[PDB]
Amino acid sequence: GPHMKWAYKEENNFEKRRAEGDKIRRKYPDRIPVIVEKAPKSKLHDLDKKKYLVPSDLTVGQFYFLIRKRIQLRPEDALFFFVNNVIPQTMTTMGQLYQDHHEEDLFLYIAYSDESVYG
């Protein structure tokens, strides 16, 4: 996966992020709180919104299709997601990814890029 500068983590320290994660997980327990950010140097559209609350049983594949619409991509342009710095399987649910890969602040972080392989 790409080496990420997470703007959410640059702006907000762990204590602040954990408080927000705590709150949102109690308010919306069946939704996964996800922070989505673009890989540095990718020339894809930057998402206008980075914070999403996603149904737990939505698949990665279905999430690809929703994000694709929001970043104005064609069928010709490539889009790849990275969770825990690896590409998730398309049938995996957002709930399963959260269970396995949420950070200590209680968010799931997902990076996107037009490239699939990074040094």
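Start at 1 with the first residue shown and count on from there.
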| item | value |
| --- | --- |
| Test item: residue 29 lacks coordinates in at least a third of other entries | no |
| Residue 75 dropped in a third or more of the other entries | yes |
| 70-78 versus 37-45 - greater average Cα B-factor per the deposited record | 70-78 |
| Mean Cα B-factor comparison, 20-28 or 101-109, giving the higher one as deposited | 20-28 |
